[PDB]
Amino acid sequence: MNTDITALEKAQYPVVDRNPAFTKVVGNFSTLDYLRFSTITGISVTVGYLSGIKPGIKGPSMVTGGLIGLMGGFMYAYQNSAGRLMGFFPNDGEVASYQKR
Amino acid sequence: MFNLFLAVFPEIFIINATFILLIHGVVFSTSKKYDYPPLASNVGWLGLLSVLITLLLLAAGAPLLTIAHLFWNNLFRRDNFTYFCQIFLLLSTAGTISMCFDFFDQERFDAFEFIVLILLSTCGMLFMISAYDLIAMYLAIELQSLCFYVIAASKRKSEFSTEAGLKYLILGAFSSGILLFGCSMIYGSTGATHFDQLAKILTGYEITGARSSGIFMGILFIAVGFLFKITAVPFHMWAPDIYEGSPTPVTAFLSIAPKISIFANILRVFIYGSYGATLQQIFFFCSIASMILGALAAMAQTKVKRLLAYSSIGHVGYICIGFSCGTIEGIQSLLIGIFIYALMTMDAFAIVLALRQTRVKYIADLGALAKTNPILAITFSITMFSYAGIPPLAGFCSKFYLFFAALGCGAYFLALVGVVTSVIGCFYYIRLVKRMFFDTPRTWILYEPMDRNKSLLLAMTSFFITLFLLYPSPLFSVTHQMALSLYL
Amino acid sequence: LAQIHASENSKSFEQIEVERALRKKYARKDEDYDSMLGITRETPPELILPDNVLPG
Amino acid sequence: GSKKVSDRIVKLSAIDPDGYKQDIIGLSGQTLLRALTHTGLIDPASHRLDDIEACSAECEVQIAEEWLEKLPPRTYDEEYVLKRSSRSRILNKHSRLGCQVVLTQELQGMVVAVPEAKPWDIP
Amino acid sequence: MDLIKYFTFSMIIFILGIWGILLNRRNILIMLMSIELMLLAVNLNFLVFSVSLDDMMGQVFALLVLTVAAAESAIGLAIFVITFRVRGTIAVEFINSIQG
Amino acid sequence: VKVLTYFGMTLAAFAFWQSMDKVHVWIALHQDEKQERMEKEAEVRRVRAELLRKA
Amino acid sequence: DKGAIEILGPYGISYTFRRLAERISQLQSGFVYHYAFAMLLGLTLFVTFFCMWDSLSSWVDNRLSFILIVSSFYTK
Amino acid sequence: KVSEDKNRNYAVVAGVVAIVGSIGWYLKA
Amino acid sequence: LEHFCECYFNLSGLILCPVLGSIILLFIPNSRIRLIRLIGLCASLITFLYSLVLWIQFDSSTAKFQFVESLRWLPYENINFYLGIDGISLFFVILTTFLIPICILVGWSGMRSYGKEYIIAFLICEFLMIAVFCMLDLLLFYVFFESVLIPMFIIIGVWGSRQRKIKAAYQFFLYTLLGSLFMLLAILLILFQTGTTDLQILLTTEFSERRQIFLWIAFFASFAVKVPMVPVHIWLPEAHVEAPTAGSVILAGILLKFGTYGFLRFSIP
Amino acid sequence: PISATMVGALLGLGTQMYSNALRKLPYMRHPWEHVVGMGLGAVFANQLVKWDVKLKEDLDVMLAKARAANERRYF
Ligand SMILES: CCCCCCCCCCCCCCCCCC(=O)OC[C@H](COP(=O)([O-])OCC(O)COP(=O)([O-])OC[C@@H](COC(=O)CCCCCCCCCCCCCCCCC)OC(=O)CCCCCCCCCCCCCCCCC)OC(=O)CCCCCCCCCCCCCCCCC
Ligand SMILES: CCCCCCCCCCCCCCCCCC(=O)OC[C@H](COP(=O)([O-])OCC(O)COP(=O)([O-])OC[C@@H](COC(=O)CCCCCCCCCCCCCCCCC)OC(=O)CCCCCCCCCCCCCCCCC)OC(=O)CCCCCCCCCCCCCCCCC
Ligand SMILES: CCCCCCCCCCCCCCCCCC(=O)O[C@@H](COC(=O)CCCCCCCCCCCCCCC)COP(=O)(O)OCC[N+](C)(C)C
Ligand SMILES: CCCCCCCCCCCCCCCCCC(=O)O[C@@H](COC(=O)CCCCCCCCCCCCCCC)COP(=O)(O)OCC[N+](C)(C)C
Ligand SMILES: CCCCCCCCCCCCCCCCCCCC(=O)O[C@H](COC(=O)CCCCCCCCCCCCCC)COP(=O)(O)OCCN
Ligand SMILES: CCCCCCCCCCCCCCCCCCCC(=O)O[C@H](COC(=O)CCCCCCCCCCCCCC)COP(=O)(O)OCCN
Ligand SMILES: COC1=C(OC)C(=O)C(C/C=C(\C)CC/C=C(\C)CC/C=C(/C)CC/C=C(\C)CCC=C(C)C)=C(C)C1=O
Ligand SMILES: [Fe+3]
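To keep things clear, this report deals only with the structure shown in the data block. (Residues numbered from 1 in each chain as written, not as in the entry; some residues may be left out. Chains lettered and ligands numbered in written order. Part of a larger assembly, values for the part shown. Heavy atoms only, no water.)

A few words now on the pattern of salt bridges. All chains considered together, the criterion is met by 48 salt bridges over all chains. Its salt-bridge partner being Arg108 of chain B, residue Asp110 of chain B comes within 2.8 Å of it at the nearest N-O pair. This pair shows no difference in class: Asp110 of chain B is buried, exactly as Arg108 of chain B is. The salt bridge partner of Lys361 of chain B is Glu58 of chain D, with a shortest N-O separation of 3.1 Å. With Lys361 of chain B in the loop between α15 (328-355) and α16 (369-372) and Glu58 of chain D in the loop between α1 (32-38) and β3 (60-63), this pair bridges two chains. (Salt bridge = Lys/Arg side-chain N within 4 Å of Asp/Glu carboxyl O. Buried < 20%, exposed > 50% of the residue type's maximum accessible area, 1.4 Å probe, protein only. Helix = DSSP H or I, 4+ residues; strand = E, 2+ residues; numbered from the N terminus.)

Here the structure, examined in full by the defined rule, presents one disulfide over all chains. With a sulfur-sulfur separation of 2.4 Å, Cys325 of chain B is cross-linked through a disulfide to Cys409 of chain B. Taken together, the positions of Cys325 of chain B in helix α14 (residues 304-325) and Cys409 of chain B in helix α18 (residues 396-410) put the pair 84 residues apart, joining distant regions of the chain. Distance from the sulfur of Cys85 of chain B, which forms no disulfide, to the nearest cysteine sulfur (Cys320 of chain B) is 15 Å. Here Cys17 of chain I is not cross-linked by a disulfide; its sulfur's nearest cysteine counterpart is in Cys42 of chain I, at 12 Å. (Disulfide = S-S within 2.5 Å.)

So, about the interface of chain B and chain J. If you look at the interface, chain B gives 28 residues, while chain J gives 23 residues. Of the roughly 2300 Å² buried between chain B and chain J, counting both surfaces, carbon and sulfur atoms make up 68%. Here chain B and chain J share one salt bridge between them. The salt bridge partner of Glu33 of chain J is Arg452 of chain B, with a shortest N-O separation of 2.9 Å. Counting every contact that joins chain B to chain J gives eight residue pairs in polar contact. (Contact = heavy atoms within 4.5 Å. Buried area = accessible area lost by both parts, 1.4 Å probe. Polar contact = N/O pair within 3.5 Å; in protein donor to acceptor, adjacent residues only side chain to side chain.)

Residue and element names in this part refer to chain D. Only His47 (NE2), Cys55 (SG), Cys59 (SG) and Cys99 (SG) from the protein coordinate the iron ion (ligand 8), and they sit 2.1 to 2.5 Å from it. With four donor atoms in place around the iron ion (ligand 8) and angles of 99 to 117° between them, the coordination shape is tetrahedral. Considered as a linear motif, the donors of the iron ion (ligand 8) on their single chain read H-x7-C-x3-C-x39-C. Taken as a pair, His47 in the loop between α1 and β3 and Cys59 in the loop between α1 and β3 lie far apart in primary sequence, twelve residues in all. (Donors = N, O, S within 2.8 Å, 3.2 Å for Na, K, Ca; no water. Tetrahedral: all angles 85-135°; square planar, octahedral: opposite > 155°, others 65-115°.)

A word on the side chain of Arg89 of chain D. Secondary-structure assignment places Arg89 of chain D in the loop between α3 (76-85) and β4 (95-97). No salt bridge is formed by the buried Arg89 of chain D; the nearest opposite charge belongs to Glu163 of chain B, separated by 7.3 Å. Here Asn96 of chain E takes part through its backbone oxygen, which lies 3.0 Å from a polar atom of the side chain of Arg89 of chain D. (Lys, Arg positive; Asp, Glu negative; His and termini not counted.)

Turning our attention to the packing of helix α12 (residues 257-271) of chain B against α14 of chain B. What describes two packed helices is the angle between their axes and the distance between those same axes. All names here are of chain B. Viewed as axis vectors pointing N to C, α12 and α14 meet at an angle of 25°, and their least axial separation amounts to 12 Å. Relative to α14, α12 is oriented roughly parallel. Pair α12 / α14 crosses with right-handed handedness. Every residue of α14 that contacts α12 at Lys259, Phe263, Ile266, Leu267, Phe270 and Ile271 is listed here: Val316, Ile319, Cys320 and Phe323. (Axes fitted to C-alpha atoms, helices over the stretch in contact; angles between N-to-C directions. Parallel < 35°, antiparallel > 145°, perpendicular 65-115°, else oblique. Left-handed = near helix turned anticlockwise from the far one by under 90°.)

This part covers the sheet that holds β4 of chain D. The strands that make up a sheet pair up through hydrogen bonds in the backbone, lying either parallel or antiparallel. Residue and element names in this part refer to chain D. The strand order across the open sheet formed by five strands is β2-β1-β5-β3-β4, and the pairing between neighbours is mixed. Because the sheet does not close on itself, it has two edges, and the strands there are β2 (21-27) and β4. Across this sheet, the average inter-strand angle for adjacent strands is 40°, counted without regard to direction. The pairing of β3 with strand β5 (residues 110-113) spans two bridges and is classified as antiparallel. Within β5, the residue paired with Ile63 across the bridge is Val112. Its contacts with the sheet place α3 against β3 and β4, and it is angled at close to 115° to β4. (Pairing = 2+ DSSP bridges.)

In the vicinity of ligand 7, the contacting residues are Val233, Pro234, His236, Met237, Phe285 and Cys286 of chain B together with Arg23, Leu27, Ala38 and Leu41 of chain G. Mapping the residues adjacent to ligand 7 onto the chains of the assembly identifies chains B and G. Here ligand 7 loses 50% of its free accessible area of 890 Å² to cover by the protein chains. Residue composition of the shell around ligand 7, by class: eight nonpolar, one polar and one charged. (Near = heavy atom within 4 Å. Areas by Shrake-Rupley, 256 points an atom, 1.4 Å probe, with all protein chains shown as cover. Nonpolar A, V, L, I, M, F, W, Y, C, P; charged D, E, K, R; others polar.)

Take a look at the structure:
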């Protein structure tokens, strides 16, 4: 399979890594990424609990909401971290860490 | 490899969440221990959450949706136009879902599969917006259509719901076959199905004497399918029967989202492609027919749902006038009309769903509403006057553009038709206001107050309708942006 | 009539709450979805009045 | 008390779709539909107003010509509603919209046939 | 003459589907069958063009269209079944209550 | 239908398709005349357009 | 005031538009066959007018086209 | 002395985490 | 270009007065009938005094528009709208502000059943009509004239005496809307030439005799319905008779003047 | 003066009250919700103003490219 990461709209910030590996993107998670992750997961668990009370399955509903929130929050944090490493999002921290290591 | 899939993060998330909700619903709906709880509202809340997370993922990752565009090129095409169209589609789906909880619990519609089918149809419409090939367009349209067929027949013991489903499936399948035939003719004549290839082949020739009758009839058949989808006359008569016979939340959902998706498709196929004046004439004649028939038939209606269906037919005529004139302002006006009509329809169906708790059916059932719920009667009156296009309400934009294009493209029969149909529409819209405010019936119907979700949605849409023309700049700028992004 | 009124007026807080929840659960129905599930929901006996007070 | 409800009561008989005859009661000045809804012969929820604008022939009844002469003739709107509500789109000559028939003392003893109920509860 | 003969075969199938819609006003099952006939004709159109043009796109889409035809028939026959169950009959006079 | 009825309908259809073949041959044989008519009409239209543009 | 102007005004306009809305509503007959037939007729009209209107101009005119369409309203 | 509903306690923790994480999200952005 | 005036009493505040009255009355319970009555009456009276002051500072020597002020609509500033009066519109503003308190006073005795909706409708009418008389722009003249149709429709339909008010209100709305749509067509016709709807500019552009004839016909379509001129006068007896007393007062005393004002303000010059 | 924060706060408060009224509840039934609505309205109005500015900025560049492409014709 031939691949090509090249985007239609070029990056407006310095490109620290054109096609960062999965584990590199995850290790690039910042405090703000974890805050987004945790907030999305917590809101999802809360919605699961509250919507589960009337059917009587608040626990399992919490688990289902938490799974949805975990997947969505991880995808959002990955989106942000990868976009920063690729230069699509403001990436002052990535540039600073890159100019030193 | 993984980073290539950043272009489809929104769709991956919503599909996976839909699968999770399907499994959750089927596992606990069958539970003896939990006494087979109804899960329509639980799954509905979780699916509203999923839609909102999808919206977040899509809106916050605007550049990333264009990543790896060469790798994805033969599958879809994401740009600014698709960006905004998909955001609007997700917002409409979220609002429609939020309007469904009172219906779930009070009717006791316990089927959670309803929510799953709505989510899968939303997936289909998302793929419709980004389609850039006849094959992908057809597949996404079919996914959307099959989901609607199933949900239109969801009240499976009702004569009305089963009738709606049967009519929908037969007429939908017929129109889809016609569209597929058109696609086959175009492929056979050009050797291409990708929109870029079609643009290159068809540009510069239109009808240069030696015109490909294969190309000309493929376009015609595809246009017939599209016109069926937008409920344009004479391919419209499915719409009033389906709208009335389906469960009211289904009717609300069908009234908005498919129009957005199919108009995105129409823009990117025709506007971006090239046979030309023939097709703009198609939409011109269908617009005039839709305005006239919608006005007259709506004037005939005694029931609320049928009135709203015919009103939507007339308004798609008004909107297609913009597509017909073939200018950047035409596209912009079409988009503005779609947005404003969607918000007004959401307002109207929030009221209708609120009143369905006491089984509203006839216009006359609204009698004395200005006495039994004054603020509700005023809110509904603002919606009607906006539908009529009375300034300074938001609905005035569509009327203003209709006449602007009539004097811009140079069409005076169109202006005459617009004047007459606007006056007819105003009559049958203010008839509702008369029923709520002027009539003194012997027997009144007292309506149960609406839930919080519908009250909040109604409150926001009512401020928008009254106050949009005070600050209309963001919509104007975003729609101009989208119109330009179709070609650049 | 005195029997049903005496029975209701002497209920404790816990039983009042239990019957409030039961009344809410059985106030409406979806018999079509029950038939799809192959179950039949029955009204609990604490919500059924004796026959000697019914109109028939 | 020199003015009783018995002064306005109109004796009526209704034949249900199964064919069985029932003796029913209504007030003079009120509609035949109201009298029929008193005992549930017609579902009151299916026809809540006595207005032609809120009618899909849920109130439709069949009356023999001996009692039809004692009623006012059907208006154009009534025949329109009856014909369009017919499954075969045929106007029955003995069909009356129950919501448009006002009971009077002259209708004492009228016999009315109630046809099978049409679907009415739009999703 | 091969390509005109292959195309007119599929064309007669499509016209037969249209005629089946036109001639079956009391028989909506045959109307569904006529719609399948049209879908078959379109599928044949894609396959013939693929060979004539020496291109694979017609063949990929033909397979996917077969999937759509299958799902369409399944859902349509379910809707037919429930309509029949509600009414006890398939006659068209019992599916005409929505009007106007 | 009767089996013989189906066979006879098949024979009639075979005759119809052979007639269609003759029609296709006719259409192919008249490509040149149609092209000539198209060219003469194109020349007439171009001459009219050039002449009217002179004013 | 109450005569010709009413007839050539609100009284007459209301009557004719009521009858026209009446007629248009009856088109929505409730029969799925009518709806399919309408789609077929619209498709046939599309092909006929927009592609097979090349040699027709010899025998026809646009005036007669629109006249016969309006004249159809006064039938039976 | 003690709230015994474990699922309720977990939901309380989730709501608190959502609130505090939202505050931090605003503050650090 | 910001055309902000220097005088303290200006047009925008006189616009805002009945608006603020209506918002306040939106939230006061119908049980507080005395408070509703007094608040509406006082708002209308203050507006009347404000208009009297505007008369005081009028300059009767200039042919220009006085107290001209501007209101931006878009940051692009392509479309920017102006308010101003002259010696032809001043007394109509005064007449509107004077008649509205009269309308509130006529229904004083029945206000317990009229409710706050009556006063709110009349205040909204006042705001819209003052706006109409104060507009230096064809398009905004259009938008604010059509807006009065909604509260006038409500006034006739709700507080009319008998069931003929139904037909009267329908006819009023439909006749007036037909005329308004004709003048919208004229407005767009003008905009295509000029690229603007600002009255001051149109007073300094030259229109061809032909297109002057046709634009004048399009303006006449609205204005003759408004005046009314025969034979489009038949809506007036029905509407002015079936309306409540104050509704008839507003219809005859102010709304009728809008057609002649349109003739004086756009068609003749 | 009339800032986006104030317009938004007023709109949010009005939204809560309108919602209460639609449900036939007292205007101030749950006052903490009125506070929440004022906050959300202020936030939404400020964000809308910023988004409007950004939208005009993007439309400017896009119109510039359209104009350049059109002007390429006369070369
Ligand atoms: C080099 C080649 C050499 C070839 C040599 C062979 C040439 C044969 C020529 C024959 C023609 C002359 C006949 C002279 C008269 C004969 C005397 C006579 O008629 O008495 C017979 C007498 C009935 O005669 P009748 O008085 O006319 O009564 C007729 C009806 O009763 C009347 O009642 P009705 O009016 O109510 O009608 C109801 C309907 C009954 O309802 C039906 O639907 C009829 C059935 C049609 C569909 C059934 C198959 C689909 C069902 C699935 C089956 C499994 C599928 C998978 C397996 C097969 C696929 C390979 O009846 C019919 O419509 C019958 C019409 C027959 C059409 C189908 C046969 C044609 C198939 C195509 C043949 C292709 C080659 C021949 C053409 C060559 C080019 C010209 O009894 C019999 O026929 C004996 C029954 C055994 C028949 C076996 C036939 C094969 C069955 C299995 C295979 C199924 C698939 C078919 C082949 C598929 C190919 C891929
Ligand atoms: C020299 C060798 C000599 C030795 C060999 C001789 C071999 C014997 C001769 C071959 C067989 C011929 C005789 C057939 C059986 C007659 C005996 C009999 O008992 O029939 C009873 C039969 C009663 O029907 P049934 O079978 O008992 O079924 C009763 C129920 O219908 C059953 O219910 P159902 O549900 O099953 O079916 C429903 C419905 C079924 O509905 C239908 O089937 C529709 C009926 C109308 C058919 C329309 C034409 C279809 C054929 C296609 C043709 C091209 C169409 C193109 C259209 C697209 C273009 C846009 O039923 C019907 O409507 C039955 C109507 C049957 C009438 C068939 C008439 C066919 C048209 C003939 C036109 C002739 C024009 C010639 C030139 C053609 C242009 C090239 O009554 C008849 O006598 C009619 C059949 C006789 C005429 C048909 C055969 C025509 C063959 C002509 C010779 C070939 C000429 C071309 C040669 C080319 C050489 C190069
Ligand atoms: C000028 C526009 C163009 C023309 C169109 C006009 C459209 C309207 C037609 C005008 C004719 C008269 C209309 C009468 C309506 C006035 C009466 C009214 O609506 O009062 C409502 C008031 O309706 C509202 O709630 C309106 C709220 C909208 C909020 C808009 C203001 C936004 C900022 C305000 C901030 C909050 C208040 C600040 C001061 C406390 C009372 O509703 P009820 O159903 O009677 O009872 C409600 C229940 N309860 C009182 C117990 C709460
Ligand atoms: C002495 C100074 C400190 C004062 C502190 C005052 C701060 C209060 C601020 C108000 C917060 C309002 C939060 C609104 C959400 C309501 C949360 C709630 O209702 O708790 C519920 C549900 O809780 C949740 O599911 C998640 C939300 C809880 C998180 C917020 C709790 C607010 C206080 C924080 C307490 C935890 C702090 C310590 C954590 C270790 C308890 O469970 P159930 O009884 O089963 O719920 C029944 C359904 N119903 C919601 C209608 C009541
Ligand atoms: C633009 C013009 C001007 C607009 C002004 C906007 C100003 C901002 C809005 C301010 C809002 C003021 C009110 C804030 C406090 C209300 C908080 C709601 C609390 C809540 O949890 O509500 C729950 C329900 O969810 C809900 O009710 C919320 C969902 C309701 C729908 C909201 C939209 C969701 C989907 C998005 C649609 C977008 C459409 C666009 C096409 C439970 O409520 P409960 O406890 O009372 O119990 C209900 C019985 N089940
Ligand atoms: C050179 C000489 C030129 C002369 C100048 C000509 C200028 C135009 C002059 C004519 C002006 C006509 C304006 C229309 C007024 C119609 C008012 C009728 C409304 C009415 O009174 O009652 C309604 C009539 O029924 C209805 O159903 C009415 C339906 C609505 C009809 C509105 C159609 C007007 C469209 C414009 C036509 C004129 C075009 C001009 C280019 C409602 O009665 P109901 O009881 O049935 O309803 C259910 C009740 N809740
Ligand atoms: C009151 O008298 C009567 C009629 O007269 C109104 C009738 O008709 C009929 C019966 C015949 C009919 C209805 C045939 C008409 C059917 C048509 C034209 C099929 C198309 C369907 C629709 C809904 C028309 C929509 C198409 C339009 C408006 C134009 C097409 C499209 C464009 C120009 C773009 C009867 C019995 C009748 O008693
Ligand atoms: Fe009735």
